[PDB]
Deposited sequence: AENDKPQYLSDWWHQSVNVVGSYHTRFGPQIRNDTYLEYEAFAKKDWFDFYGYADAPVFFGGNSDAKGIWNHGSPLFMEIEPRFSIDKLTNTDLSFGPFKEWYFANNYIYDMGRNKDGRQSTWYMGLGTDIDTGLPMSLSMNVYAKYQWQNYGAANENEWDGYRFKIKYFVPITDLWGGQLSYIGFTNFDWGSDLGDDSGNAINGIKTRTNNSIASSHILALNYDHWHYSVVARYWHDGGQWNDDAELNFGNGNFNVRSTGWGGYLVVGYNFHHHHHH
């Protein structure tokens, strides 16, 4: 229902993406959905070519469900938080199923913005045949914030930022070394996103600057050779996205 459940279909063009071994620039369709209903809030998206990648973020209110104002300090509410990533891949081989679960919260900064924090433990299933499949591996700290800027060009300009800090993974330790000498993978990783979004009644535009540090836990500069000659991984650095979409809702 339009009241709480918000949907959108978008077209996305990316440039200098860094989640994998080699840089990528892709375009694709995307389904988005956000929701907030007393005991549960949710965000997620599914991406598909010009096979299927989806990431959901469902959280459940410990307060609401426990029916016990756990409020404290700047912490308005507490949640059983989840960040689950699924990549179907072209082979049941090169696919991924990642489940982050933990404690989350909403901070009240007394400023005209929203700020949330979450820490998760993770269990890995498929991971493109990597060394850390099927086992509990690594942790993640997710910090995201929403800040309404102003009205611009007839629409509402706002800013969105969120970052995913990953550490404690055993990958990298358990992976080989590169032609390069240094290790191929990484025990940790950071993916920070900065978004400038223009929203009209239905259509919306967003520019996204994203910075990676050992993207996809690929140790930056690792020298590999996939059968076309040697090359160097560029997992640390910037990349960006352009997103145009349409949000549905009956008047």
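Going by the record, the unmodelled stretches of the deposited sequence, in order, are 1 to 8, 59 to 74, 276 to 278.
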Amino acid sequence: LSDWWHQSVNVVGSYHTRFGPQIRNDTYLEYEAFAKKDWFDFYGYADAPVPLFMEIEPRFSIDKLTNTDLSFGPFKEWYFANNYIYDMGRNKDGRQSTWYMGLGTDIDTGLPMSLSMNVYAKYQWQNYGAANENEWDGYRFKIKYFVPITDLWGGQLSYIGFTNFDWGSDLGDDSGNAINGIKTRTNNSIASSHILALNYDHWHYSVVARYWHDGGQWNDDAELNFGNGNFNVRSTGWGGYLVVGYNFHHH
From here on, numbers count along this sequence of modelled residues.
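Two stretches are in play, 96 to 104 and 67 to 75, and the higher mean C-alpha B-factor belongs to 67 to 75.
Comparing 126 to 134 with 82 to 90, the stretch with the higher mean C-alpha B-factor in the PDB entry is 82 to 90. Residue set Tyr43, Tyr211, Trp39, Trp203: peak C-alpha B-factor at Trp39 (per PDB entry). You'll see in the entry that, of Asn164, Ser158, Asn180, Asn118, the Cα B factor peaks at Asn180.
Looking at the C-alpha B-factors along this chain, the one for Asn25 belongs to the middle third. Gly237: CA B factor lies in the middle third for its chain, per the PDB record.
Ranked by Cα temperature factor within the chain, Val147 sits in the lowest third according to the deposited record. Ranked by Cα temperature factor within the chain, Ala35 sits in the highest third according to the deposited record. Compared with the other modelled residues of the chain, the Cα B-factor recorded for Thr186 ranks in the middle third.
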